[PDB]
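Peer 1: My structure is in run_35.csv, and what it holds is CSV, C-alpha atoms and all ligand atoms:
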chain,number,residue,atom,x,y,z
A,1,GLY,CA,-46.4,-22.0,-23.8
A,2,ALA,CA,-43.6,-23.5,-21.6
A,3,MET,CA,-41.6,-26.3,-23.4
A,4,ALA,CA,-42.6,-28.8,-20.6
A,5,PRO,CA,-45.3,-27.2,-18.5
A,6,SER,CA,-44.7,-27.9,-14.8
A,7,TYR,CA,-45.9,-27.1,-11.3
A,8,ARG,CA,-43.5,-26.0,-8.5
A,9,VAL,CA,-43.9,-24.6,-5.0
A,10,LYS,CA,-41.7,-22.0,-3.2
A,11,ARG,CA,-41.9,-20.7,0.4
A,12,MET,CA,-41.2,-16.9,0.0
A,13,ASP,CA,-42.9,-13.5,-0.7
A,14,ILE,CA,-44.9,-13.7,-4.0
A,15,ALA,CA,-43.8,-10.0,-4.5
A,16,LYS,CA,-40.2,-11.4,-5.2
A,17,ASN,CA,-41.5,-14.0,-7.9
A,18,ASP,CA,-39.5,-14.9,-11.0
A,19,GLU,CA,-42.5,-15.5,-13.2
A,20,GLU,CA,-44.0,-13.5,-16.2
A,21,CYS,CA,-47.2,-12.4,-14.2
A,22,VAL,CA,-48.6,-12.6,-10.7
A,23,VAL,CA,-52.1,-13.5,-9.2
A,24,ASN,CA,-53.1,-11.3,-6.3
A,25,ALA,CA,-55.4,-12.8,-3.6
A,26,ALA,CA,-57.5,-9.7,-3.9
A,27,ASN,CA,-60.5,-8.2,-2.1
A,28,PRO,CA,-63.6,-7.3,-4.2
A,29,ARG,CA,-63.1,-3.5,-3.6
A,30,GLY,CA,-59.5,-3.2,-5.0
A,31,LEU,CA,-58.3,-2.1,-1.5
A,32,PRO,CA,-54.7,-2.6,-0.3
A,33,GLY,CA,-55.9,-5.2,2.1
A,34,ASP,CA,-53.6,-7.4,4.2
A,35,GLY,CA,-51.3,-10.4,3.7
A,36,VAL,CA,-50.5,-11.3,0.0
A,37,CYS,CA,-52.8,-8.4,-1.1
A,38,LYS,CA,-50.7,-5.8,0.9
A,39,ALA,CA,-47.4,-7.2,-0.4
A,40,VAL,CA,-48.8,-6.9,-4.0
A,41,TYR,CA,-50.0,-3.3,-3.3
A,42,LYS,CA,-46.5,-2.3,-2.1
A,43,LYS,CA,-44.8,-3.9,-5.1
A,44,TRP,CA,-47.3,-3.0,-7.9
A,45,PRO,CA,-49.5,-0.2,-6.6
A,46,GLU,CA,-50.3,1.1,-10.2
A,47,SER,CA,-52.1,-2.3,-10.7
A,48,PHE,CA,-54.9,-1.3,-8.3
A,49,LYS,CA,-56.4,1.3,-10.7
A,50,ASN,CA,-60.0,0.0,-11.3
A,51,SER,CA,-59.1,-3.5,-10.0
A,52,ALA,CA,-62.4,-3.9,-8.0
A,53,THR,CA,-64.2,-7.1,-9.3
A,54,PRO,CA,-66.8,-9.4,-7.7
A,55,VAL,CA,-66.2,-12.7,-5.8
A,56,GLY,CA,-65.5,-15.6,-8.1
A,57,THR,CA,-63.9,-13.4,-10.8
A,58,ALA,CA,-60.4,-12.2,-11.9
A,59,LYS,CA,-59.5,-8.8,-13.4
A,60,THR,CA,-56.1,-8.1,-14.9
A,61,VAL,CA,-54.4,-4.6,-14.5
A,62,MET,CA,-50.9,-3.9,-16.0
A,63,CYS,CA,-48.1,-2.4,-13.8
A,64,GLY,CA,-46.0,-1.2,-16.7
A,65,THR,CA,-46.0,-4.3,-18.9
A,66,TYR,CA,-46.1,-6.7,-15.9
A,67,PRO,CA,-49.7,-8.2,-15.6
A,68,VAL,CA,-51.3,-8.4,-12.1
A,69,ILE,CA,-54.3,-10.8,-12.2
A,70,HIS,CA,-56.6,-9.8,-9.2
A,71,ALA,CA,-58.4,-13.0,-8.2
A,72,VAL,CA,-61.2,-12.7,-5.6
A,73,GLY,CA,-61.8,-15.8,-3.6
A,74,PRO,CA,-64.8,-16.0,-1.2
A,75,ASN,CA,-64.5,-15.2,2.5
A,76,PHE,CA,-65.8,-18.4,4.2
A,77,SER,CA,-66.8,-16.3,7.2
A,78,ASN,CA,-69.7,-15.0,5.0
A,79,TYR,CA,-70.4,-17.8,2.5
A,80,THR,CA,-71.8,-21.3,3.2
A,81,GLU,CA,-69.3,-24.2,2.7
A,82,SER,CA,-71.3,-25.1,-0.5
A,83,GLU,CA,-71.5,-21.6,-2.0
A,84,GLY,CA,-67.9,-20.7,-1.0
A,85,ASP,CA,-66.6,-23.9,-2.6
A,86,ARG,CA,-68.4,-22.9,-5.9
A,87,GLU,CA,-67.0,-19.3,-5.9
A,88,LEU,CA,-63.5,-20.6,-5.0
A,89,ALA,CA,-63.5,-23.0,-8.0
A,90,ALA,CA,-64.9,-20.2,-10.2
A,91,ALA,CA,-62.1,-17.7,-9.2
A,92,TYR,CA,-59.4,-20.2,-10.3
A,93,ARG,CA,-61.3,-20.9,-13.7
A,94,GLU,CA,-61.2,-17.1,-14.4
A,95,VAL,CA,-57.4,-17.1,-13.5
A,96,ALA,CA,-56.8,-19.8,-16.1
A,97,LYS,CA,-58.7,-17.7,-18.8
A,98,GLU,CA,-56.6,-14.6,-18.0
A,99,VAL,CA,-53.3,-16.5,-18.0
A,100,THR,CA,-54.2,-18.0,-21.4
A,101,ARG,CA,-55.4,-14.6,-22.9
A,102,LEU,CA,-52.1,-12.9,-21.7
A,103,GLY,CA,-49.9,-15.5,-23.6
A,104,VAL,CA,-47.5,-15.7,-20.6
A,105,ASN,CA,-45.1,-18.8,-20.3
A,106,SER,CA,-45.2,-18.6,-16.4
A,107,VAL,CA,-47.5,-17.4,-13.5
A,108,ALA,CA,-46.9,-16.9,-9.7
A,109,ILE,CA,-50.1,-18.0,-7.8
A,110,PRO,CA,-51.1,-18.0,-4.1
A,111,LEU,CA,-53.6,-20.5,-2.6
A,112,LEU,CA,-56.9,-18.4,-2.6
A,113,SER,CA,-59.1,-18.3,0.5
A,114,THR,CA,-56.5,-20.1,2.8
A,115,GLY,CA,-55.6,-17.0,5.0
A,116,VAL,CA,-58.0,-14.3,6.5
A,117,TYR,CA,-60.8,-15.6,4.1
A,118,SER,CA,-60.5,-19.3,5.3
A,119,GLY,CA,-63.2,-18.8,8.0
A,120,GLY,CA,-60.6,-20.3,10.4
A,121,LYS,CA,-60.3,-23.7,8.6
A,122,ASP,CA,-57.3,-25.5,6.9
A,123,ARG,CA,-58.3,-25.3,3.2
A,124,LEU,CA,-54.8,-26.3,1.6
A,125,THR,CA,-56.3,-29.4,-0.1
A,126,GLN,CA,-59.6,-27.7,-1.2
A,127,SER,CA,-57.9,-24.6,-2.6
A,128,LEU,CA,-54.9,-26.5,-4.3
A,129,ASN,CA,-57.4,-29.0,-5.9
A,130,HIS,CA,-59.4,-26.2,-7.4
A,131,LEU,CA,-56.1,-24.6,-8.6
A,132,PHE,CA,-55.2,-27.9,-10.4
A,133,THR,CA,-58.7,-28.3,-11.9
A,134,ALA,CA,-58.4,-24.8,-13.6
A,135,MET,CA,-54.7,-24.7,-14.5
A,136,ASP,CA,-54.1,-28.3,-15.7
A,137,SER,CA,-55.4,-27.4,-19.2
A,138,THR,CA,-53.0,-24.4,-19.4
A,139,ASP,CA,-49.4,-24.7,-20.7
A,140,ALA,CA,-47.9,-22.0,-18.4
A,141,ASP,CA,-45.2,-23.0,-15.8
A,142,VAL,CA,-47.2,-22.5,-12.5
A,143,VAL,CA,-45.2,-21.6,-9.4
A,144,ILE,CA,-47.3,-21.7,-6.2
A,145,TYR,CA,-46.2,-19.4,-3.3
A,146,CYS,CA,-46.7,-20.1,0.4
A,147,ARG,CA,-45.2,-18.9,3.8
A,148,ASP,CA,-45.6,-22.0,6.1
A,149,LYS,CA,-42.9,-24.8,6.2
A,150,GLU,CA,-45.5,-27.6,6.7
A,151,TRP,CA,-47.7,-26.2,3.8
A,152,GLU,CA,-44.6,-26.2,1.5
A,153,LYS,CA,-44.0,-29.9,2.3
A,154,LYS,CA,-47.7,-30.8,1.7
A,155,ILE,CA,-48.0,-28.8,-1.6
A,156,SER,CA,-44.7,-30.4,-2.8
A,157,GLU,CA,-46.1,-33.9,-2.0
A,158,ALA,CA,-49.4,-33.2,-3.8
A,159,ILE,CA,-47.4,-32.0,-6.9
A,160,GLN,CA,-45.1,-35.0,-6.9
A,161,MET,CA,-48.1,-37.5,-6.3
A,162,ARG,CA,-49.4,-36.7,-9.9
A,163,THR,CA,-45.7,-37.3,-10.9
B,201,CL,CL,-39.1,-13.8,1.4
B,202,CL,CL,-57.1,-15.3,2.0
B,203,CL,CL,-48.9,-20.7,3.7
Please re-express this file's structure in structure tokens.

Peer 2:
Amino acid sequence: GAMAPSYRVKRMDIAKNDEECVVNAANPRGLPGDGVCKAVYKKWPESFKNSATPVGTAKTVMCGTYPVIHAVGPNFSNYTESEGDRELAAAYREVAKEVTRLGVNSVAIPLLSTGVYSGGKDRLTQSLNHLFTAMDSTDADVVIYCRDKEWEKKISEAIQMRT
């Protein structure tokens, strides 16, 4: 565990993280994909061997000794708000199980279902709150990665709010 488990937010490419493992915002088929998933494919392509896994689940594949946790959030274009919300919560619960099993002291994590899978909605609060529900009982340092300057400010405020 980390000595004083924390949350932090950084605005940069998650492929350049300084943590002990990475969460991929994966597709169910283990394809290179776009956005975070394509950056992850360019950096850790070996981790896409047998990475396909259903919506609402996470599957870890090692690139050398570096763990890539493939977490599949729902595409809100296809799911109802209700079912999508349930699957998005479940994907983060499976990330917390994997982070714990791996015994890492730190993890780099993107906000699942906030990009191409958002069904054109702002899901910062929805996705971040499910991230906190899952990760709060873990003792890894969590570093959230984002690309937008206004999202960085809002994620930083949400972290500081809880103190
Ligand atoms: Cl960058
Ligand atoms: Cl997405
Ligand atoms: Cl972002």

Peer 1: Residues at most 8 Å from region 96-113 of chain A, counting all atoms listed in the file, excluding those fewer than 3 positions away in the same chain, as a PyMOL selection string?

Peer 2: chain A and resi 1-2+14+17-25+36+58-60+69+71-76+88+92-93+116-118+123-124+127-128+131+134-135+138-146

Peer 1: Write out as a Markdown table the residues of chain A that have any atom within 6 Å of an atom of ligand CL 203 (chain B), one row each with the nearest atom pair and its distance in Å to one decimal, counting all atoms listed in the file, sorted by chain and then rising number.

Peer 2:
| residue | atom | partner | partner_atom | distance |
| --- | --- | --- | --- | --- |
| A:146 | CA | B:CL203 | CL | 4.0 |
| A:147 | CA | B:CL203 | CL | 4.1 |
| A:148 | CA | B:CL203 | CL | 4.3 |
| A:151 | CA | B:CL203 | CL | 5.6 |

Peer 1: Write as a compact mmCIF listing (two decimals) with C-alpha atoms, in the coordinates of the input the residues around ligand CL 201 (chain B), taking 8 Å as the cut-off and counting only C-alpha atoms and all ligand atoms.

Peer 2:
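Final output, selection-v3.txt:
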# COMPACT_ATOMS: atom_id res chain seq x y z
CA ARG A 11 -41.90 -20.70 0.40
CA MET A 12 -41.20 -16.90 0.00
CA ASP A 13 -42.90 -13.50 -0.70
CA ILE A 14 -44.90 -13.70 -4.00
CA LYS A 16 -40.20 -11.40 -5.20

Peer 1: Could you work out how far CA of residue 94 (chain A) lies from CA of residue 57 (chain A), giving the answer in Å with one decimal?

Peer 2: 5.8 Å

Peer 1: Could you tell me how far CA of residue 82 (chain A) sits from CA of residue 114 (chain A), in Å to one decimal place?

Peer 2: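 Straight-line distance from CA of residue 114 (chain A) to CA of residue 82 (chain A) works out to 16.0 Å.
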
Peer 1: Skipping near chain neighbours, those fewer than 6 positions away, what residues fall within 9 Å of residue 48 (chain A) using all atoms listed in the file, listed as JSON, numbers by chain?

Peer 2: {"A": [30, 31, 32, 41, 61, 63, 68, 70]}

Peer 1: In Å, with one decimal, what is the gap from CA of residue 149 (chain A) to CA of residue 132 (chain A)?

Peer 2: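 Those two atoms sit 20.9 Å apart.
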
Peer 1: Name the closest residue to ligand CL 202 (chain B) among the candidates A:121, A:42, A:86, A:154; distances are taken between atoms, counting only C-alpha atoms and all ligand atoms.

Peer 2: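 Of the candidates, the smallest distance to ligand CL 202 (chain B) is held by A:121.
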
Peer 1: Which residue out of A:66, A:90, A:80, A:122 has the minimum interatomic distance to ligand CL 202 (chain B) when all atoms listed in the file are used?

Peer 2: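 Among the listed residues, A:122 lies closest to ligand CL 202 (chain B).
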
Peer 1: Taking only C-alpha atoms and all ligand atoms into account, which of A:3, A:15, A:37, A:158 comes nearest ligand CL 202 (chain B)?

Peer 2: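 That would be A:37, the residue with the smallest distance to ligand CL 202 (chain B).
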
Peer 1: Could you extract region 104-128 of chain A of the given structure into a file holding N, CA, C and O atoms, as a PDB file, in the first residue's frame?

Peer 2:
ATOM      1  N   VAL A 104       0.061  -3.445  -6.365  1.00  0.00           N
ATOM      2  CA  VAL A 104       0.721  -2.171  -6.735  1.00  0.00           C
ATOM      3  C   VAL A 104       0.493  -1.096  -5.651  1.00  0.00           C
ATOM      4  O   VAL A 104      -0.542  -1.117  -4.937  1.00  0.00           O
ATOM      5  N   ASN A 105       1.408  -0.153  -5.555  1.00  0.00           N
ATOM      6  CA  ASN A 105       1.255   1.019  -4.671  1.00  0.00           C
ATOM      7  C   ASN A 105       0.671   2.226  -5.410  1.00  0.00           C
ATOM      8  O   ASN A 105       0.351   3.220  -4.747  1.00  0.00           O
ATOM      9  N   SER A 106       0.500   2.159  -6.735  1.00  0.00           N
ATOM     10  CA  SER A 106      -0.017   3.328  -7.513  1.00  0.00           C
ATOM     11  C   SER A 106      -0.642   2.824  -8.818  1.00  0.00           C
ATOM     12  O   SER A 106      -0.222   1.759  -9.281  1.00  0.00           O
ATOM     13  N   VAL A 107      -1.593   3.570  -9.351  1.00  0.00           N
ATOM     14  CA  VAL A 107      -2.325   3.240 -10.609  1.00  0.00           C
ATOM     15  C   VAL A 107      -2.682   4.544 -11.317  1.00  0.00           C
ATOM     16  O   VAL A 107      -3.152   5.502 -10.680  1.00  0.00           O
ATOM     17  N   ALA A 108      -2.482   4.562 -12.633  1.00  0.00           N
ATOM     18  CA  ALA A 108      -2.892   5.634 -13.572  1.00  0.00           C
ATOM     19  C   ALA A 108      -4.259   5.230 -14.157  1.00  0.00           C
ATOM     20  O   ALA A 108      -4.371   4.102 -14.676  1.00  0.00           O
ATOM     21  N   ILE A 109      -5.260   6.106 -14.082  1.00  0.00           N
ATOM     22  CA  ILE A 109      -6.656   5.754 -14.484  1.00  0.00           C
ATOM     23  C   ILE A 109      -7.319   6.897 -15.250  1.00  0.00           C
ATOM     24  O   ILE A 109      -7.383   8.027 -14.765  1.00  0.00           O
ATOM     25  N   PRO A 110      -7.917   6.592 -16.423  1.00  0.00           N
ATOM     26  CA  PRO A 110      -8.715   7.558 -17.163  1.00  0.00           C
ATOM     27  C   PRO A 110     -10.173   7.518 -16.707  1.00  0.00           C
ATOM     28  O   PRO A 110     -10.611   6.573 -16.031  1.00  0.00           O
ATOM     29  N   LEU A 111     -10.978   8.546 -17.052  1.00  0.00           N
ATOM     30  CA  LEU A 111     -12.420   8.509 -16.708  1.00  0.00           C
ATOM     31  C   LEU A 111     -13.160   7.701 -17.791  1.00  0.00           C
ATOM     32  O   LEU A 111     -13.319   8.199 -18.965  1.00  0.00           O
ATOM     33  N   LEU A 112     -13.582   6.491 -17.442  1.00  0.00           N
ATOM     34  CA  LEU A 112     -14.261   5.572 -18.375  1.00  0.00           C
ATOM     35  C   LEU A 112     -15.551   6.209 -18.885  1.00  0.00           C
ATOM     36  O   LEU A 112     -16.249   6.929 -18.138  1.00  0.00           O
ATOM     37  N   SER A 113     -15.859   5.916 -20.159  1.00  0.00           N
ATOM     38  CA  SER A 113     -17.119   6.289 -20.850  1.00  0.00           C
ATOM     39  C   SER A 113     -17.312   7.819 -20.950  1.00  0.00           C
ATOM     40  O   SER A 113     -18.488   8.206 -21.071  1.00  0.00           O
ATOM     41  N   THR A 114     -16.249   8.631 -20.920  1.00  0.00           N
ATOM     42  CA  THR A 114     -16.361  10.122 -21.013  1.00  0.00           C
ATOM     43  C   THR A 114     -16.031  10.667 -22.406  1.00  0.00           C
ATOM     44  O   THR A 114     -16.250  11.880 -22.616  1.00  0.00           O
ATOM     45  N   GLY A 115     -15.464   9.852 -23.286  1.00  0.00           N
ATOM     46  CA  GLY A 115     -15.075  10.231 -24.668  1.00  0.00           C
ATOM     47  C   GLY A 115     -16.100   9.718 -25.681  1.00  0.00           C
ATOM     48  O   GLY A 115     -17.290  10.029 -25.545  1.00  0.00           O
ATOM     49  N   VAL A 116     -15.621   8.929 -26.651  1.00  0.00           N
ATOM     50  CA  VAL A 116     -16.419   8.335 -27.770  1.00  0.00           C
ATOM     51  C   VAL A 116     -17.588   7.503 -27.212  1.00  0.00           C
ATOM     52  O   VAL A 116     -18.634   7.415 -27.880  1.00  0.00           O
ATOM     53  N   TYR A 117     -17.470   6.960 -25.995  1.00  0.00           N
ATOM     54  CA  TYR A 117     -18.514   6.107 -25.388  1.00  0.00           C
ATOM     55  C   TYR A 117     -19.515   6.933 -24.550  1.00  0.00           C
ATOM     56  O   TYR A 117     -20.409   6.346 -23.947  1.00  0.00           O
ATOM     57  N   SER A 118     -19.426   8.278 -24.553  1.00  0.00           N
ATOM     58  CA  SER A 118     -20.280   9.156 -23.692  1.00  0.00           C
ATOM     59  C   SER A 118     -21.698   9.337 -24.258  1.00  0.00           C
ATOM     60  O   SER A 118     -22.565   9.846 -23.526  1.00  0.00           O
ATOM     61  N   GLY A 119     -21.958   8.862 -25.475  1.00  0.00           N
ATOM     62  CA  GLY A 119     -23.248   9.125 -26.146  1.00  0.00           C
ATOM     63  C   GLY A 119     -23.526  10.627 -26.233  1.00  0.00           C
ATOM     64  O   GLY A 119     -24.719  11.004 -26.195  1.00  0.00           O
ATOM     65  N   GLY A 120     -22.457  11.423 -26.360  1.00  0.00           N
ATOM     66  CA  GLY A 120     -22.466  12.884 -26.584  1.00  0.00           C
ATOM     67  C   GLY A 120     -22.813  13.743 -25.366  1.00  0.00           C
ATOM     68  O   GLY A 120     -23.130  14.947 -25.550  1.00  0.00           O
ATOM     69  N   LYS A 121     -22.752  13.157 -24.162  1.00  0.00           N
ATOM     70  CA  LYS A 121     -23.091  13.824 -22.878  1.00  0.00           C
ATOM     71  C   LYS A 121     -21.805  14.091 -22.087  1.00  0.00           C
ATOM     72  O   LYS A 121     -20.771  13.466 -22.387  1.00  0.00           O
ATOM     73  N   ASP A 122     -21.869  15.056 -21.166  1.00  0.00           N
ATOM     74  CA  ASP A 122     -20.788  15.336 -20.197  1.00  0.00           C
ATOM     75  C   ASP A 122     -21.016  14.373 -19.044  1.00  0.00           C
ATOM     76  O   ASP A 122     -22.034  14.461 -18.358  1.00  0.00           O
ATOM     77  N   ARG A 123     -20.093  13.419 -18.843  1.00  0.00           N
ATOM     78  CA  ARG A 123     -20.231  12.388 -17.798  1.00  0.00           C
ATOM     79  C   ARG A 123     -19.059  12.488 -16.810  1.00  0.00           C
ATOM     80  O   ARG A 123     -18.782  11.478 -16.137  1.00  0.00           O
ATOM     81  N   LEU A 124     -18.408  13.651 -16.698  1.00  0.00           N
ATOM     82  CA  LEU A 124     -17.283  13.844 -15.732  1.00  0.00           C
ATOM     83  C   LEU A 124     -17.766  13.411 -14.350  1.00  0.00           C
ATOM     84  O   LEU A 124     -17.135  12.515 -13.740  1.00  0.00           O
ATOM     85  N   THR A 125     -18.819  14.017 -13.802  1.00  0.00           N
ATOM     86  CA  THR A 125     -19.268  13.750 -12.414  1.00  0.00           C
ATOM     87  C   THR A 125     -19.687  12.286 -12.261  1.00  0.00           C
ATOM     88  O   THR A 125     -19.326  11.612 -11.268  1.00  0.00           O
ATOM     89  N   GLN A 126     -20.454  11.764 -13.211  1.00  0.00           N
ATOM     90  CA  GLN A 126     -20.996  10.374 -13.140  1.00  0.00           C
ATOM     91  C   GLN A 126     -19.799   9.392 -13.079  1.00  0.00           C
ATOM     92  O   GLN A 126     -19.780   8.460 -12.245  1.00  0.00           O
ATOM     93  N   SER A 127     -18.850   9.570 -13.981  1.00  0.00           N
ATOM     94  CA  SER A 127     -17.726   8.607 -14.110  1.00  0.00           C
ATOM     95  C   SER A 127     -16.789   8.747 -12.896  1.00  0.00           C
ATOM     96  O   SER A 127     -16.369   7.674 -12.334  1.00  0.00           O
ATOM     97  N   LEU A 128     -16.453   9.989 -12.526  1.00  0.00           N
ATOM     98  CA  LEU A 128     -15.558  10.235 -11.364  1.00  0.00           C
ATOM     99  C   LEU A 128     -16.187   9.675 -10.089  1.00  0.00           C
ATOM    100  O   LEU A 128     -15.449   9.137  -9.256  1.00  0.00           O
TER     101      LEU A 128
END
